[PDB]
Each structure stands twice: as C-alpha cells, then as structure tokens.
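Below is start13.tsv, which holds TSV, C-alpha atoms and all ligand atoms.
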chain	number	residue	atom	x	y	z
A	1	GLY	CA	-33.06	2.17	4.67
A	2	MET	CA	-29.73	1.28	3.16
A	3	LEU	CA	-28.19	4.76	3.60
A	4	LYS	CA	-28.95	4.78	7.35
A	5	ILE	CA	-27.64	1.21	7.82
A	6	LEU	CA	-24.45	1.98	5.85
A	7	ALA	CA	-23.90	5.26	7.77
A	8	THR	CA	-24.54	3.76	11.19
A	9	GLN	CA	-22.39	0.66	10.46
A	10	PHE	CA	-19.60	2.86	9.11
A	11	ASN	CA	-19.73	5.09	12.17
A	12	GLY	CA	-19.60	1.94	14.31
A	13	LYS	CA	-16.20	1.24	12.82
A	14	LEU	CA	-15.06	4.85	13.44
A	15	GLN	CA	-15.99	4.54	17.08
A	16	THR	CA	-14.08	1.28	17.55
A	17	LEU	CA	-10.96	2.95	16.06
A	18	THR	CA	-10.95	5.14	19.21
A	19	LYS	CA	-9.88	1.99	21.06
A	20	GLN	CA	-6.73	2.07	18.95
A	21	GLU	CA	-5.80	5.73	19.35
A	22	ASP	CA	-2.39	4.64	20.68
A	23	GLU	CA	-1.50	2.52	17.66
A	24	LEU	CA	-2.61	5.34	15.40
A	25	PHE	CA	-0.54	7.83	17.37
A	26	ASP	CA	2.42	5.48	16.90
A	27	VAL	CA	1.87	5.88	13.15
A	28	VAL	CA	1.78	9.69	13.45
A	29	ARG	CA	4.91	9.77	15.66
A	30	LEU	CA	6.88	7.58	13.26
A	31	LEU	CA	6.00	9.89	10.35
A	32	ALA	CA	6.67	13.06	12.33
A	33	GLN	CA	10.30	11.90	12.82
A	34	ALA	CA	10.90	12.64	9.13
A	35	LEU	CA	9.62	16.18	9.59
A	36	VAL	CA	11.82	17.08	12.63
A	37	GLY	CA	14.81	16.81	10.28
A	38	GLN	CA	14.99	17.19	6.52
A	39	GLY	CA	13.34	13.84	5.75
A	40	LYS	CA	10.06	13.49	3.83
A	41	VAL	CA	6.92	11.43	4.43
A	42	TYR	CA	5.93	9.39	1.39
A	43	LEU	CA	2.54	7.80	0.87
A	44	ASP	CA	2.76	4.38	-0.83
A	45	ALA	CA	-0.81	3.24	-1.56
A	46	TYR	CA	-2.03	0.00	-3.15
A	47	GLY	CA	-5.07	-1.00	-5.16
A	48	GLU	CA	-8.14	1.01	-4.35
A	49	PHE	CA	-6.05	3.14	-1.93
A	50	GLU	CA	-4.33	4.77	-4.88
A	51	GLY	CA	-7.44	7.00	-4.57
A	52	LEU	CA	-5.73	8.60	-1.56
A	53	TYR	CA	-3.08	10.26	-3.70
A	54	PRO	CA	-5.22	13.29	-4.75
A	55	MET	CA	-5.65	14.11	-1.04
A	56	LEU	CA	-1.95	15.10	-0.95
A	57	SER	CA	-1.89	17.15	-4.16
A	58	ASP	CA	-5.44	18.55	-4.29
A	59	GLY	CA	-6.89	17.96	-0.85
A	60	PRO	CA	-7.82	20.47	1.90
A	61	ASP	CA	-5.25	19.09	4.42
A	62	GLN	CA	-2.30	18.72	2.08
A	63	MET	CA	1.10	19.67	3.38
A	64	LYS	CA	4.61	20.23	2.18
A	65	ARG	CA	6.91	17.24	2.72
A	66	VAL	CA	4.05	14.72	2.70
A	67	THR	CA	3.96	13.43	-0.86
A	68	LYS	CA	3.24	10.50	-3.20
A	69	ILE	CA	5.87	7.77	-3.37
A	70	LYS	CA	8.02	8.15	-6.53
A	71	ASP	CA	8.96	5.08	-8.60
A	72	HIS	CA	12.72	4.54	-8.78
A	73	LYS	CA	13.64	7.21	-6.16
A	74	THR	CA	16.17	5.97	-3.58
A	75	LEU	CA	14.91	6.89	-0.11
A	76	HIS	CA	17.04	7.29	2.96
A	77	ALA	CA	17.00	6.54	6.68
A	78	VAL	CA	15.59	9.99	7.55
A	79	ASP	CA	12.51	9.46	5.33
A	80	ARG	CA	9.35	7.66	6.43
A	81	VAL	CA	6.77	5.70	4.36
A	82	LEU	CA	3.02	5.47	5.07
A	83	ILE	CA	1.46	2.50	3.35
A	84	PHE	CA	-2.24	1.84	2.79
A	85	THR	CA	-2.99	-1.59	1.39
A	86	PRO	CA	-6.07	-3.89	0.97
A	87	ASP	CA	-4.01	-6.91	2.07
A	88	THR	CA	-0.40	-7.82	2.78
A	89	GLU	CA	-0.14	-10.64	0.19
A	90	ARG	CA	0.48	-8.33	-2.80
A	91	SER	CA	3.69	-8.95	-4.73
A	92	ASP	CA	4.16	-5.21	-5.40
A	93	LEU	CA	3.93	-4.41	-1.67
A	94	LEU	CA	6.46	-7.15	-0.87
A	95	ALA	CA	8.93	-5.73	-3.45
A	96	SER	CA	8.49	-2.27	-1.93
A	97	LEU	CA	9.07	-3.50	1.63
A	98	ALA	CA	12.34	-5.22	0.46
A	99	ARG	CA	13.40	-1.85	-1.00
A	100	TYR	CA	12.59	0.08	2.18
A	101	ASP	CA	14.40	-2.51	4.29
A	102	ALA	CA	17.49	-2.19	2.05
A	103	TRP	CA	17.34	1.63	2.32
A	104	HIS	CA	16.78	1.52	6.11
A	105	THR	CA	13.64	3.56	5.56
A	106	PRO	CA	11.00	2.87	8.25
A	107	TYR	CA	7.38	2.23	7.23
A	108	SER	CA	3.94	2.20	8.77
A	109	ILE	CA	1.58	-0.32	7.14
A	110	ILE	CA	-2.16	0.25	7.40
A	111	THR	CA	-3.96	-2.86	6.11
A	112	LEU	CA	-7.67	-3.34	5.43
A	113	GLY	CA	-7.16	-6.94	6.54
A	114	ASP	CA	-6.04	-8.58	9.73
A	115	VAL	CA	-2.65	-8.88	11.46
A	116	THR	CA	-0.15	-10.94	9.45
A	117	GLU	CA	3.54	-11.76	9.54
A	118	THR	CA	4.14	-9.25	6.75
A	119	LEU	CA	2.25	-6.55	8.69
A	120	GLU	CA	4.49	-7.23	11.68
A	121	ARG	CA	7.52	-6.07	9.66
A	122	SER	CA	6.21	-2.51	10.12
A	123	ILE	CA	7.44	-0.52	13.10
A	124	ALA	CA	3.92	1.11	13.29
A	125	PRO	CA	1.30	-1.32	11.92
A	126	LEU	CA	-2.47	-1.02	11.93
A	127	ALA	CA	-4.88	-3.82	11.00
A	128	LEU	CA	-8.28	-2.30	10.14
A	129	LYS	CA	-10.08	-5.71	9.80
A	130	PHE	CA	-12.55	-4.00	7.46
A	131	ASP	CA	-12.42	-6.08	4.31
A	132	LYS	CA	-15.97	-7.39	4.20
A	133	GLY	CA	-19.22	-5.58	3.37
A	134	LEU	CA	-21.50	-4.04	5.98
A	135	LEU	CA	-24.85	-5.30	4.55
A	136	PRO	CA	-25.41	-9.01	5.11
A	137	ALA	CA	-27.32	-11.12	2.61
A	138	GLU	CA	-29.31	-14.28	2.42
A	139	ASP	CA	-26.42	-16.60	1.36
A	140	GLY	CA	-23.81	-15.47	3.97
A	141	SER	CA	-22.40	-12.91	1.52
A	142	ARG	CA	-21.88	-9.27	2.43
A	143	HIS	CA	-21.69	-6.09	0.33
A	144	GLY	CA	-21.37	-2.33	0.89
A	145	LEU	CA	-17.81	-1.77	1.95
A	146	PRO	CA	-16.70	1.89	2.41
A	147	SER	CA	-13.05	0.83	2.49
A	148	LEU	CA	-11.64	3.86	0.64
A	149	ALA	CA	-13.82	6.10	2.85
A	150	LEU	CA	-12.18	4.61	5.95
A	151	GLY	CA	-8.67	5.09	4.55
A	152	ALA	CA	-9.41	8.67	3.47
A	153	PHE	CA	-10.81	9.48	6.93
A	154	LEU	CA	-7.66	8.06	8.53
A	155	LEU	CA	-5.37	10.00	6.16
A	156	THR	CA	-7.28	13.20	7.05
A	157	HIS	CA	-6.64	12.45	10.71
A	158	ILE	CA	-2.95	11.72	10.12
A	159	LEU	CA	-2.42	14.84	7.98
A	160	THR	CA	-4.23	17.06	10.52
A	161	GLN	CA	-2.31	15.60	13.45
A	162	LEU	CA	1.04	16.02	11.64
A	163	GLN	CA	0.25	19.62	10.73
A	164	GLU	CA	-0.83	20.36	14.28
A	165	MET	CA	2.56	18.99	15.53
A	166	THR	CA	4.48	21.05	12.87
A	167	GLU	CA	2.76	24.29	13.80
A	168	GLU	CA	3.69	23.63	17.45
A	169	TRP	CA	7.40	23.66	16.35
B	1	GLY	CA	-8.61	12.44	21.61
B	2	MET	CA	-8.36	14.21	18.21
B	3	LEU	CA	-9.38	10.92	16.55
B	4	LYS	CA	-12.65	10.67	18.46
B	5	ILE	CA	-13.46	14.35	17.85
B	6	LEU	CA	-12.93	14.08	14.09
B	7	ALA	CA	-14.90	10.81	14.02
B	8	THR	CA	-17.86	12.37	15.86
B	9	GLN	CA	-17.77	15.55	13.72
B	10	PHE	CA	-17.75	13.39	10.56
B	11	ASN	CA	-20.59	11.26	11.86
B	12	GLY	CA	-22.65	14.42	12.49
B	13	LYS	CA	-22.54	14.99	8.74
B	14	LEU	CA	-23.36	11.30	8.00
B	15	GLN	CA	-26.46	11.69	10.24
B	16	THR	CA	-27.68	14.83	8.43
B	17	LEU	CA	-27.17	13.10	5.04
B	18	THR	CA	-29.39	10.21	6.09
B	19	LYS	CA	-32.22	12.70	6.34
B	20	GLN	CA	-31.62	13.51	2.65
B	21	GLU	CA	-32.31	9.90	1.66
B	22	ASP	CA	-34.87	11.12	-0.93
B	23	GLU	CA	-32.39	13.36	-2.82
B	24	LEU	CA	-29.87	10.54	-2.86
B	25	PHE	CA	-32.53	8.15	-4.20
B	26	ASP	CA	-33.08	10.73	-7.01
B	27	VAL	CA	-29.36	10.35	-7.85
B	28	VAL	CA	-29.48	6.58	-7.81
B	29	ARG	CA	-32.69	6.38	-9.88
B	30	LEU	CA	-31.29	8.71	-12.55
B	31	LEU	CA	-28.20	6.56	-12.84
B	32	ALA	CA	-30.16	3.31	-12.80
B	33	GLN	CA	-32.01	4.47	-15.92
B	34	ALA	CA	-28.77	3.89	-17.90
B	35	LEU	CA	-28.70	0.31	-16.64
B	36	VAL	CA	-32.17	-0.59	-17.92
B	37	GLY	CA	-30.95	-0.17	-21.53
B	38	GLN	CA	-27.66	-0.36	-23.42
B	39	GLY	CA	-26.27	2.81	-21.85
B	40	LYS	CA	-23.62	3.18	-19.20
B	41	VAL	CA	-22.98	5.17	-16.06
B	42	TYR	CA	-19.80	7.30	-16.12
B	43	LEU	CA	-18.04	8.85	-13.15
B	44	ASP	CA	-16.68	12.31	-13.97
B	45	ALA	CA	-14.76	13.45	-10.88
B	46	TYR	CA	-12.97	16.71	-10.24
B	47	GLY	CA	-9.99	17.81	-8.15
B	48	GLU	CA	-9.52	15.72	-5.04
B	49	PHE	CA	-12.48	13.54	-6.18
B	50	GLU	CA	-10.32	12.00	-8.86
B	51	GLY	CA	-9.46	9.82	-5.82
B	52	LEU	CA	-12.79	8.07	-6.43
B	53	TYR	CA	-11.70	6.50	-9.73
B	54	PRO	CA	-9.84	3.50	-8.15
B	55	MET	CA	-13.13	2.50	-6.43
B	56	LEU	CA	-14.62	1.62	-9.80
B	57	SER	CA	-11.68	-0.34	-11.03
B	58	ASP	CA	-10.28	-1.90	-7.84
B	59	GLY	CA	-12.89	-1.40	-5.13
B	60	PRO	CA	-15.13	-3.96	-3.37
B	61	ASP	CA	-18.39	-2.62	-4.88
B	62	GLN	CA	-17.27	-2.17	-8.46
B	63	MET	CA	-19.70	-3.06	-11.19
B	64	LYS	CA	-19.24	-3.61	-14.92
B	65	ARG	CA	-21.22	-0.75	-16.51
B	66	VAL	CA	-20.22	2.00	-14.04
B	67	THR	CA	-16.90	3.30	-15.30
B	68	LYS	CA	-14.56	6.34	-15.39
B	69	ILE	CA	-15.50	9.02	-17.95
B	70	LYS	CA	-13.41	8.72	-21.14
B	71	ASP	CA	-11.72	11.68	-22.84
B	72	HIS	CA	-13.08	12.42	-26.31
B	73	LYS	CA	-15.87	9.81	-26.06
B	74	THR	CA	-19.22	11.02	-27.33
B	75	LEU	CA	-22.02	9.97	-25.03
B	76	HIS	CA	-25.68	9.54	-25.82
B	77	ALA	CA	-29.06	10.28	-24.21
B	78	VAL	CA	-29.26	6.74	-22.74
B	79	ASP	CA	-25.98	7.23	-20.82
B	80	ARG	CA	-25.77	8.87	-17.37
B	81	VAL	CA	-22.97	10.94	-15.81
B	82	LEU	CA	-22.24	11.04	-12.06
B	83	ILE	CA	-20.18	14.09	-11.09
B	84	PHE	CA	-18.37	14.78	-7.81
B	85	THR	CA	-16.79	18.24	-7.66
B	86	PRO	CA	-15.34	20.49	-4.93
B	87	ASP	CA	-17.32	23.46	-6.33
B	88	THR	CA	-19.41	24.34	-9.41
B	89	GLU	CA	-17.18	27.22	-10.60
B	90	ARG	CA	-14.46	25.14	-12.29
B	91	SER	CA	-14.03	25.88	-15.98
B	92	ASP	CA	-13.41	22.19	-16.75
B	93	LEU	CA	-16.72	21.26	-15.09
B	94	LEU	CA	-18.65	23.90	-17.07
B	95	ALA	CA	-16.98	22.75	-20.29
B	96	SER	CA	-18.07	19.14	-19.49
B	97	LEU	CA	-21.69	20.13	-18.72
B	98	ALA	CA	-21.78	21.98	-22.08
B	99	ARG	CA	-20.77	18.69	-23.78
B	100	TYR	CA	-23.32	16.60	-21.90
B	101	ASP	CA	-25.97	19.22	-22.72
B	102	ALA	CA	-24.99	19.09	-26.41
B	103	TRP	CA	-25.19	15.23	-26.29
B	104	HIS	CA	-28.46	15.24	-24.28
B	105	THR	CA	-26.84	13.09	-21.56
B	106	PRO	CA	-28.35	13.57	-18.08
B	107	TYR	CA	-25.97	14.20	-15.16
B	108	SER	CA	-26.13	14.12	-11.37
B	109	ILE	CA	-23.83	16.74	-9.73
B	110	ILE	CA	-22.65	16.15	-6.14
B	111	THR	CA	-20.86	19.28	-4.97
B	112	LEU	CA	-18.93	19.76	-1.70
B	113	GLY	CA	-20.28	23.30	-1.68
B	114	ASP	CA	-23.72	24.84	-1.56
B	115	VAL	CA	-26.61	25.07	-4.04
B	116	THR	CA	-25.76	27.21	-7.04
B	117	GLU	CA	-27.30	28.06	-10.40
B	118	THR	CA	-24.84	25.66	-12.09
B	119	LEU	CA	-25.83	22.84	-9.69
B	120	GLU	CA	-29.50	23.33	-10.55
B	121	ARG	CA	-28.61	22.45	-14.15
B	122	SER	CA	-28.50	18.83	-12.86
B	123	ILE	CA	-31.74	16.80	-12.84
B	124	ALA	CA	-30.46	15.14	-9.60
B	125	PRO	CA	-28.19	17.47	-7.64
B	126	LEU	CA	-26.82	17.14	-4.14
B	127	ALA	CA	-25.12	19.98	-2.20
B	128	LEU	CA	-22.97	18.57	0.58
B	129	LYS	CA	-22.12	21.92	2.21
B	130	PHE	CA	-18.95	20.27	3.50
B	131	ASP	CA	-16.13	22.39	2.23
B	132	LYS	CA	-14.58	23.70	5.46
B	133	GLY	CA	-12.60	21.85	8.11
B	134	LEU	CA	-14.22	20.20	11.16
B	135	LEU	CA	-11.57	21.23	13.78
B	136	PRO	CA	-11.52	24.97	14.56
B	137	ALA	CA	-8.17	26.65	15.21
B	138	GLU	CA	-7.27	29.70	17.29
B	139	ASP	CA	-6.98	31.56	13.92
B	140	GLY	CA	-10.70	31.24	13.21
B	141	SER	CA	-9.39	28.88	10.56
B	142	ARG	CA	-10.58	25.34	10.26
B	143	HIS	CA	-8.67	22.13	9.55
B	144	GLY	CA	-9.44	18.41	9.22
B	145	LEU	CA	-11.77	18.08	6.25
B	146	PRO	CA	-12.58	14.48	5.32
B	147	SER	CA	-14.01	15.51	1.99
B	148	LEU	CA	-12.75	12.51	0.00
B	149	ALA	CA	-13.97	10.19	2.80
B	150	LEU	CA	-17.49	11.62	2.44
B	151	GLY	CA	-17.39	11.34	-1.34
B	152	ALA	CA	-16.10	7.74	-1.09
B	153	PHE	CA	-18.80	6.84	1.46
B	154	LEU	CA	-21.44	8.26	-0.89
B	155	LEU	CA	-20.02	6.38	-3.91
B	156	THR	CA	-20.11	3.14	-1.92
B	157	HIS	CA	-23.77	3.79	-1.08
B	158	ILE	CA	-24.59	4.56	-4.75
B	159	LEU	CA	-22.69	1.54	-6.11
B	160	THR	CA	-24.26	-0.80	-3.53
B	161	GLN	CA	-27.76	0.51	-4.19
B	162	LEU	CA	-27.37	0.28	-7.98
B	163	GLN	CA	-26.19	-3.33	-7.60
B	164	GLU	CA	-29.09	-4.31	-5.31
B	165	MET	CA	-31.51	-2.82	-7.87
B	166	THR	CA	-29.78	-4.51	-10.81
B	167	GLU	CA	-30.06	-7.87	-8.97
B	168	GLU	CA	-33.78	-7.33	-8.30
B	169	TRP	CA	-33.99	-7.27	-12.11
A	201	CL	CL	20.72	7.30	4.29
A	202	CL	CL	-28.58	9.57	-28.91
A	203	CL	CL	-25.01	30.76	-8.02
Rewrite the structure from the file as structure tokens, please.
Ligand SMILES: [Cl-]
Ligand SMILES: [Cl-]
Ligand SMILES: [Cl-]
Amino acid sequence: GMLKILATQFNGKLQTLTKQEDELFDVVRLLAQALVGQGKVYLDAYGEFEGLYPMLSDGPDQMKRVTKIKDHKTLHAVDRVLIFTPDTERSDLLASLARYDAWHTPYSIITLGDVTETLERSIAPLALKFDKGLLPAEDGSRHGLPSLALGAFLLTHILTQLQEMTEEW
Amino acid sequence: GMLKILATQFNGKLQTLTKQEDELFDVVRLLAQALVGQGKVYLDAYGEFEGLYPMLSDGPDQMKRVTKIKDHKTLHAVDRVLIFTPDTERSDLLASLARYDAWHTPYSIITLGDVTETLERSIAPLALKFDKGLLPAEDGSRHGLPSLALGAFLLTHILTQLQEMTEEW
C-alpha cells in the first residue's frame, strides 16, 4: 500500500543521487577545507530544514567544528557554510548569501528545487529537484514528500564522510 | 561509493519496515481517532527527533490539527500523542507518559531502540531497532546512522496517511 509506494519511490530518489556522487563530493571537499585549518563548518538551514539542527547537537554522527550557524557572528574566509533550503527565492537566504559574500566565506547550497541563478552563486551547489509529492492524485496534484528525510540522509552522509576524512589526518 | 553504500543500507531498513505495515497502521488509526472528534494529535519528540517539529509547521505534508506538544497544556482523553524517542529510558519521556496516563490520553511511542517494558505502555508502539551506525569501522564501531531521516520518512508516511483518511471523510 502507501508505505511500500512511499518507501520504493523514496529509495528511487536515493539511487538517482548516486549519479551525482561527484557533485556531492564537491560539497564535502569544500567543507573539509575549513577543517584542515582552524576554520569551522556552519550549517545554515531554512524552513523545514531547520529540523536538521538537532543532528549536529544531539545526533549520532555529530562532530566538533560542525555547528549551527549563529545569528550576528562574523565569519571569515577560512570558514565554510552548508546551506539546506526548500527554494532559492527566500529573502532570508538572499540576505545570508550577501553576508557570506561580504565575508569571503564560501558556501555550498543544497536546494530542494531546481538549478537557479541564485544556486549558481554557490561554489558547490546541489539541486535535489525533490519538491513535489511522490503519490499522484486524480487532479494532477501530488502529496507525500519526504523532503526532510532526504536532507537528513544527505547530512548523515556528509557528516560521516567528513569524519572519515578527519580520522585519516 | 560511500553514498551508494549508505543509500542501500538505509533502503534495507525501509524494506523491512514495509513488512510492518500493520503495526504502522495501528499507529495511524490511533492518531486518526483524535481527528474524528474535537481532539488533536500532538507530536512529542525527544533528543535528535526534535528535528521533526519543523515538518509540522513548515513541511509539505503539514496539517492543521497535528501540532507540536505544548508545555503545561493539559490534554484530554480525546487527544492523541505521537512520540518519537531515541530510547525509552529518558527521564523526561517517563515524566511525560506519567502525565498522559494521569490525563487518560493515548500515545503511540516510536523508539529507535528495541521493545521494552516502557514501550509496551503504548497502545500502538513501534520499535525501529535502528540505533547503531550502518557503516562498520575497523574498531568494531559503527558510523553513519540516518536516524532522523528514518523518523522523518515515517512522519511523512503518517501525515500523508492521516490526510488521505481525513479526505475520505
Ligand atoms: Cl578573514
Ligand atoms: Cl477528558
Ligand atoms: Cl525493558
């Protein structure tokens, strides 16, 4: 029934992410640059993706020097920002990107939507194209969208890959 | 190919869940009982699962009468509580179950751990047995635990099923 359809459709998306291992490794590499020095990685999450924050403070793959973005803290060129956002039209995201640009702080943007001009400002972008539901209906509408689940899965991957790199040092 | 390995490990768990469709239906039916009357469904999430809260307020499958548990608010027998917790040993969890018991409010407990006496206090429990990493290390230790991802996937399923049922009415 619904559980099996949702699970199999969700896994379909996980499999197709394998085709973008390189773009995801570009994200990891960008972030790892902070950790080779005395920079920090900051997660700056928007909307529903604010649910990612407890993964860094309370989660099983948490790590020192990967932390929640702090309002009003000036970042520096050695720091790196990981952004998860539902879309790139948000005014709060735009204000943050203007700040990072002024600080010369690089950022990876992971968007639930498609590729946009704003997304292209990121040195390590990823367009998930996963902003519509997985269960189609009668009228052309769709529902059942495990969007936070996808982001959380990706953050687990990123954290695990970063920690694996760090241990190798 | 870390990404593909984590994806396939995670999917292995998704596949075993789909064989527990009946226990998950027990969760959904218990919660749906609130929606027949004037009661509400409350999410009471612990530890890393506090990351689920933004799904109810900002997520794609949000619905009016499924909301975050409120501090100090006395619930009634027509309300329903959905709990996600890393384990059933937490003193805050036990203190909450004592309150719900005093108020005669039914609760569903989804635990990342195994079946316990405390879990069996729930009329609709689910033990995820998903509290150790998916990627073994030389240590014997395990890393890469997409625990929030699983929780978020399950909340999407529950939200989407409650909405489909509510529409049928
Ligand atoms: Cl600087
Ligand atoms: Cl009552
Ligand atoms: Cl026990």
Env. residues ligand CL 202 (chain A) / 9 Å / only C-alpha atoms and all ligand atoms / as JSON, numbers by chain = {"B": [75, 76, 77, 78, 79, 103, 104, 105]}
Protein and nucleic acid residues within 9 Å of ligand CL 203 (chain A) (only C-alpha atoms and all ligand atoms) as a ChimeraX atom specification | /B:88-89,114-119
Give as number ranges by chain every residue of chain A that touches chain B within 7 Å, counting all atoms listed in the file.
-> A: 3-4, 7, 11, 14, 18, 21, 47-48, 50-55, 58-61, 144-146, 148-150, 152-153, 156-157, 160
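Proximity to residue A:83 was assessed for A:102, A:63, A:36, A:31 counting only C-alpha atoms; the smallest distance is recorded for A:31.
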From atom CA of residue B:9 to atom CA of residue B:26 the spacing works out at 26.2 Å
Counting all atoms listed in the file, closest pick from A:67, A:166, A:74, A:111 relative to ligand CL 201 (chain A) is A:74
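Rounded to one decimal, atom CA of residue B:128 and atom CA of residue B:92 lie 20.1 Å from each other.
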Distance atom CA of residue A:87-atom CA of residue A:110, one decimal place?
-> 9.1 Å
For residue A:107, please output as a PyMOL selection string all residues within 7 Å (counting all atoms listed in the file; exclusion window: fewer than 3 positions along the same chain).
-> chain A and resi 80-82+122-123
Go ahead and save the picked residues with C-alpha atoms, as a PDB file, keeping the file's coordinate frame.
ATOM      1  CA  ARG A  80       9.350   7.660   6.430  1.00  0.00           C
ATOM      2  CA  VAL A  81       6.770   5.700   4.360  1.00  0.00           C
ATOM      3  CA  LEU A  82       3.020   5.470   5.070  1.00  0.00           C
ATOM      4  CA  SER A 122       6.210  -2.510  10.120  1.00  0.00           C
ATOM      5  CA  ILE A 123       7.440  -0.520  13.100  1.00  0.00           C
TER       6      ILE A 123
END
Put a box with edges along x, y and z around all the listed atoms of stretch 128-140 of chain B, pad it by 3 Å on each side, then give me its centre and sizes in Å, one decimal, as AutoDock Vina command-line options.
--center_x -15.0 --center_y 25.1 --center_z 8.9 --size_x 22.0 --size_y 19.0 --size_z 22.7
Selected residue, from A:39, A:66, A:45, A:90, that lies nearest to residue A:109 when counting all atoms listed in the file | A:45
